[PDB]
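Residue numbers (PDB author numbering), protein chains in the order written: chain F, 79 to 238; chain B, 3 to 734; chain G, 59 to 149; chain A, 595 to 758; chain E, 66 to 128; chain 1, 50 to 241.
C-beta atoms are modelled at their ideal positions from N, C-alpha and C, and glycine is treated no differently.
Here's the structure we're looking at; comments come further down.
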Amino acid sequence: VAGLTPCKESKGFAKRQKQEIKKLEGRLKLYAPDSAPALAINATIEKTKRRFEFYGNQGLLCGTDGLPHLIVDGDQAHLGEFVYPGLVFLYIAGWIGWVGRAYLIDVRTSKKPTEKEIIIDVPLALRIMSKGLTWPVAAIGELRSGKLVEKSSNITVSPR
Amino acid sequence: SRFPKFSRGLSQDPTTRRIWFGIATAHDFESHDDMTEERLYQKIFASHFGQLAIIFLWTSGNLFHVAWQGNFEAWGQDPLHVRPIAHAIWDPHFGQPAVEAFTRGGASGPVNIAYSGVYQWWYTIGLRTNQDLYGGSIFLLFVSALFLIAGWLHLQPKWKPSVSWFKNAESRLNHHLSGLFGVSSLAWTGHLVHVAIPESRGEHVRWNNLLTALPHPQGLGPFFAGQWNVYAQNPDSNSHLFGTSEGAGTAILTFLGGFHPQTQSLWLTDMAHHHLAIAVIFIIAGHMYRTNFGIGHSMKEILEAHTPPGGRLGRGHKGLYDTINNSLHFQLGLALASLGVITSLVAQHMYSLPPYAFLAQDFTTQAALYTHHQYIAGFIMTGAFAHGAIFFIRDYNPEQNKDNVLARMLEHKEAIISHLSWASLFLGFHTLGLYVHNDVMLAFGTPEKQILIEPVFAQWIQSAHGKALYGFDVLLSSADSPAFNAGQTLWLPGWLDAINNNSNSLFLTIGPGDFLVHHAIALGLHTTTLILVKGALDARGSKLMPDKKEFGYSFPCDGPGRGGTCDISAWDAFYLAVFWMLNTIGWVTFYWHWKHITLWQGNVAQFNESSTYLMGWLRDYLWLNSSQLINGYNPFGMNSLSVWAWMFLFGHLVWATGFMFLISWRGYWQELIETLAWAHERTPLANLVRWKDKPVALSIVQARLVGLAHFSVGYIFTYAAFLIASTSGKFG
Amino acid sequence: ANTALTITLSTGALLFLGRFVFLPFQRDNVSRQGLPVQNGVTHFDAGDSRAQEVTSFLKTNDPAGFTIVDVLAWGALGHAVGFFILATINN
Amino acid sequence: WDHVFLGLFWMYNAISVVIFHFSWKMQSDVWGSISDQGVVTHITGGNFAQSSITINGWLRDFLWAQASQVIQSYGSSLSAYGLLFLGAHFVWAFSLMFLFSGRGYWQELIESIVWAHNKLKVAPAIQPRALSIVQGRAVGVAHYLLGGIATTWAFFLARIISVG
Amino acid sequence: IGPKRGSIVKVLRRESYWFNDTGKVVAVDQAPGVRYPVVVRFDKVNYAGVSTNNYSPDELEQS
Amino acid sequence: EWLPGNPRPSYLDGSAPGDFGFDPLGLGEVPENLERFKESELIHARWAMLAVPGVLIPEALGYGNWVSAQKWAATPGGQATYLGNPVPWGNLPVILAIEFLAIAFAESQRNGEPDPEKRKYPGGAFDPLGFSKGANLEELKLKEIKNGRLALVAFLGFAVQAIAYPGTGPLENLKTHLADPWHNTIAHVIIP
Ligand code: CLA
Ligand SMILES: CC1=C(/C=C/C(C)=C/C=C/C(C)=C/C=C/C=C(C)/C=C/C=C(C)/C=C/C2=C(C)CCCC2(C)C)C(C)(C)CCC1
Ligand SMILES: CC1=C(/C=C/C(C)=C/C=C/C(C)=C/C=C/C=C(C)/C=C/C=C(C)/C=C/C2=C(C)CCCC2(C)C)C(C)(C)CCC1
Ligand SMILES: CC1=C(C/C=C(\C)CCC[C@H](C)CCC[C@H](C)CCCC(C)C)C(=O)c2ccccc2C1=O
Ligand code: SF4
């Protein structure tokens, strides 16, 4: 796909694993083998070897630079590069957008609506932050019932 | 009635502002006093003639300097190892190192090397000697003189044309499409066939042997008998050397496609056929509208009849013909929108498909010629949008445009501005977050942790063009598509050989850095469009100030009340979007010059590894290519890039000087000039000298314009210097 | 080949379409669209002497109103189609 | 206040040329190493007397030659200085947004965004406003001083750590 | 005159900040010759910081 | 009655032949658009019912499908074999100029009717068998659009079978389906 070799069989990706441990191994040569800063570089090497063995096992595509490239078209092999964490993101981002929208409706029908935005009512906030879990069923539910959008006759419009 | 005489209200100004604004309101003809329709259109018509005369008197001096002080014949003998000379230098401030260092191209003195691609152009078109360029310079002196005579003539009352002649859009479009775009491209084709193709094939065709040198072995027989393929019978082979008779063909109108293999440039037989095609189709398209003969179209009834019956476009385009025809700013904005989209189509198609001989090999000339048309196009497009704003203030009638598409743009203008705002914010967070993320991963020792996105949509389009590098194999890269089998005998043997080559710039191999900077480009166009659509649609008024139309176009502000109304005008949105076009085209030409400056010396892996993060842009492009730029002059000595080393520093002056007008504002300088006026009025021997203009500070609109123009001059000179010193000193 | 028959038949086909087929389609559209109109008036009515529609050149003796401009319009399409055909055949 | 605002820029200019003269003057004429037989090799040997008289020397032998350790510090311990060098350029170019612009443009852009919020019923009761003109100048000069001072901080603390 | 005191009205004035906004009528002037007698109070201020503005009955509808 | 229980819209009352109320997107909502859509639905269908015998009966008699009998014009020499016999006047500039003359004279004479009902069903010379001047008139118009929409769906089938399976025809798609019908369906096109 797109002229990119897989990273498990890429010679450039294995070259970057070789020259990263060798950079960290030469950093280890000036420390005692049981010393505290040498345990951090030894944990860095095992973090590096975990990283390169994770990138090759996920079917990542590596170019001529030896670097893993993401295919965001919507490929059946490449769902976890953009499509799977994008749907994970939009669920979380729609959770932020739904509990901030539902908080403003809950404080617009209050005695002092502007004091509830500088001082956020946490019992009112936390009872709808739980309610933002099921938000695609509540956003399209408000879209189908007409409560999501406001009619243009009740919207402040600058003159022509 | 002092200067300025066109505005009575500025003539009674007793300050220096009268001197300033009369320069800047000089061509705003419709804002003048005692000013009418006929004088508007006739002064604009004679100003067009003066503009044509300036363009032709410019080309005449760019031809005269090549013919006189340039080695055009020596460049014609060897276009690969001779630098093209623009003009000689006579500077009284040179020392002997500067005279000895600016002497290039085998000249007798200090000369300037031409990076405008006029030698490549005049070579491809047929001009060979200095006498031909001199004759062209005299001919265009005569043409500019004729346009000055015609400009003076149409201001005489015998030859003054009325506004009904000026607003005749149908006759203007018929004679523009038929004459300007059709008979000039057919005239061209007659040149390219009569002169440029035989001068590419060694035959010297001039005016003395125009009627004797037959362009084809059987000329004008197979044309009128229908067998046009005789004109595509014997094309130029791949062993053809340009300008020589050996290896050449006899066909004048081929359809080969691709590039000439020695020049890496387009075939003159293809460009001749290209012009015969954009000549037949423009003369045929110029018989469209109704002028004098019963047949044709009335564009008023075309726009009236183009209403969707569901009411989604309202009244459609009803009332738009009078809206364009009465508003000169609508026509000028449409012309500049089309001109920006084609000056950018010029820039995109003369680097990838070089049209002139030995232009692809001359690298810094190609870099200049891309940056030229991308900056001239980012000022022409912003002028289009600014003229849309001036149309909405001083030319848009809401009564005449009642519920049409143009009124409905004002009806949903907050949706357009807010969705351009969302798209700009999306592109900005995503492009900045991915570049900053890739910066952090190269900083943290882990290049593999970058989010690198292969631009598979544009790579799929390149494989749809015929690039077999990515292996998509859909159409024109696979032999099983009907488009390939319809093209593989017709143009694709040239095109696939041109696009599968990796040394040229035809549809380059793109990567994750190309993806990221294309989102930078989309950020730049989207945010410039955001500010400009916001200026054009909030031109008449807004929720902060509903009477912006009654304050004119370029008014400074509306006062500190209602929170503060700084930069509220539509001119100020144009002002803020000149910075955004400068940033946009800076990103575009940074990407062009670094994608090409790594292509030309071979190591495209430097761009493929370093363009994904901004420290590669700072270090491997802005710092690495500036090695021989700022070493153009040293304490030890000075090189031939020294003028480009001064012009770089000069840009850093003028740009930063703009900050003085863009940060510091008026009343500080007004009290400063008040103290200066006291000091001059009380100093002995200097109090005797008076001013007639009262010294004032620069006014607020003038301050934004002066800072913007300084910002733009510094921005174009810092990059013209860096770009013409980091490619011409390290060729490759 | 056969330039004298291909051009003549293709011009005669488009002139047959211009006189008997598309002449009610063309005469209706030149009356529905009419003359070009600026600001509610004709270009000649607004003051342009060069925008006057010629009537001596348009004075036709054809009973269906088929004039010499329509000869120069429909016959031009018959040569555009006729040289489209001749270029396609000779290949 | 606006004179304090402009004097903050002139303090940037004054103090930045002071510390630039300091850094180049002692990297060229003071700081260095002493080998055997009393020979002193400075960091940038003797180029202050000949290159710090031109702006091209200041751009070249100071702002380009000594910035060859803040931009290739990536992949090392001094790479946070490269990150804050670039982010300091970001904060400076972010300052130029607030300094060059004015309130009324941003107020009408916020009016369009408030319209998009009114369309989806997510209008806050605390009305979104553009920053004040004094506040816009304050934000611009704060990012200008922060970005430029952090640029000089990152360049200084990468260069003189690298060659020290 | 006026719709009602203490009633909810919507402003039809194009150049006001509270166009298509819900406002509460606090005073209507019954003196003849007054162009804008209906005083409407709004929950949100404008850019000048005020919420009190005078409108004609032709620029308001009951909502 | 394209959906039982669905409320038919106000612009579709049922008095039209074939008025089953099928308009979810509301394209015929405009009254003057809806009068053009009724004379467009019938010319399309009548061309489609002249096309289904023009596809299957050349295929069932063995002279190829409607694609391989159409590729001769792109070839410089195809000779225009009709019923296994090459016609002498079967050249591409000859048969296109007749089609751009004879059909264009037929379609211009069709568009000249001012009555919006004689544009739909003209009668007279186009009804020589006299079935329009008979006892049944409403059900034959319902027979027109029910047969017509079936052939309109058939020609859509005909076209997208050639895109999905090039080189094969609709009876050859029928013969491919009649052998092993549980393996070779539209799912071969949906799931590659
Ligand atoms: C056949 C008749 C004829 C022709 C030749 C023209 C010619 C022209 N008219 Mg004119 N006009 C005519 C009749 C004619 N008109 C009629 C009948 C009307 C009456 C309504 C008008 C009324 C009219 C008005 C009122 C105006 C014009 C103007 C102009 C000029 C256009 C501006 C210009 O020069 O840009 C030149 C443009 C081109 C050559 C087209 C190029 C197209 C794109 C942008 C470029 C593509 C070219 C190519 C890629 C570039 C390669 C070259 C590169 C290598 C250097 C041009 C000289 C204007 C003018 O300048 O007045 C002096 C003007 O004010 N005319
Ligand atoms: C405000 C205003 C204005 C202005 C505006 C502007 C300036 C705009 C712009 C806009 C623009 C500037 C746009 C452009 C566009 C373009 C386009 C839209 C294109 C497209 C293309 C196409 C679609 C094509 C196709 C294709 C392809 C793609 C590929 C292949 C080939 C082909 C050809 C097929 C004015 C003046 C009017 C006035 C009023 C107001
Ligand atoms: C029957 C009849 C008649 C007769 C008529 C006739 C005989 C006619 C003819 C007609 C004709 C005889 C016509 C013609 C026309 C022509 C034309 C009008 C042409 C034109 C051309 C063109 C324009 C072309 C173009 C081109 C060129 C030039 C080159 C390039 C290509 C092309 C092809 C495009 C009469 C009256 C007696 C009456 C009775 C009946
Ligand atoms: C951008 C800009 C603005 C607009 C600036 C704004 C609106 C400030 C934005 C502050 C933040 C980003 C919004 C408030 C954030 C809230 C705390 C909500 C949190 C949401 C996320 C940040 C988590 C001006 O008002 C201005 C005025 C005068 C000259 C120049 C300018 C100027 O350049
Ligand atoms: S004079 Fe300057 S500071 Fe005062 S309101 Fe106008 S733009 Fe703002």
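Taking DSSP as the reference, what is the three-state secondary structure of residue i?
i                        : result
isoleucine 455 (chain B) : strand
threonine 491 (chain B)  : coil
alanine 92 (chain E)     : strand
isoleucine 115 (chain B) : strand
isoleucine 73 (chain E)  : strand
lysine 545 (chain B)     : coil
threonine 252 (chain B)  : coil
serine 340 (chain B)     : helix
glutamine 98 (chain B)   : helix
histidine 237 (chain 1)  : helix
Let me check one thing: in DSSP terms, what residues is residue i bridge-paired to?
i                        : result
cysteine 140 (chain F)   : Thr83 (chain F) and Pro146 (chain F)
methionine 640 (chain B) : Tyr635 (chain B)
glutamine 96 (chain G)   : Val99 (chain G)
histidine 711 (chain A)  : Partner(s): none; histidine 711 (chain A) has no beta bridge.
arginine 106 (chain E)   : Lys89 (chain E) and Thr117 (chain E)
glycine 626 (chain A)    : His636 (chain A)
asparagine 134 (chain 1) : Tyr131 (chain 1)
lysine 225 (chain F)     : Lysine 225 (chain F) is not bridged to any residue.
Within 10 Å of its beta-carbon, does residue i have 16 or more other beta-carbons around it, so buried, or fewer, so exposed?
i                        : result
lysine 7 (chain B)       : exposed
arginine 753 (chain A)   : buried
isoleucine 726 (chain B) : buried
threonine 214 (chain B)  : exposed
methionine 37 (chain B)  : exposed
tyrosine 291 (chain B)   : buried
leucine 703 (chain A)    : buried
With hydrogens ignored, establish whether the beta-carbon of residue i is closer than 7 Å to any heavy atom of ligand 1.
i                        : result
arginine 292 (chain B)   : no
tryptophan 123 (chain B) : yes
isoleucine 463 (chain B) : no
I want to check one thing, is the minimum distance from the CB of residue i to the heavy atoms of ligand 4 below 7 Å?
i                        : result
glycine 543 (chain B)    : no
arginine 697 (chain A)   : yes
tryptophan 213 (chain F) : no
Is any non-hydrogen atom of ligand 5 found closer than 7 Å to the C-beta of residue i, if you look at the structure I gave you?
i                        : result
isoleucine 727 (chain A) : yes
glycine 554 (chain B)    : no
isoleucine 702 (chain B) : yes
Taking only heavy atoms of ligand 3 into account, decide whether any of them is closer than 7 Å to the Cβ of residue i.
i                       : result
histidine 439 (chain B) : no
- For the region 140 to 217 of chain 1, list the alpha helix (DSSP H) runs that are entirely contained and at least 4 residues long, ordered along the chain. 141 to 160 and 187 to 213
- Considering only residues of the region 671 to 747 of chain A, which uninterrupted alpha helix (DSSP H) runs meet the minimum length of 4 residues and lie entirely inside it, listed in chain order? 673 to 694 and 697 to 713
- Query: Can you give, in chain order, each stretch of the alpha helix (DSSP H) that sits fully within the region 187 to 215 of chain F and has at least 4 residues?
  - Reply: 193 to 196 and 200 to 207
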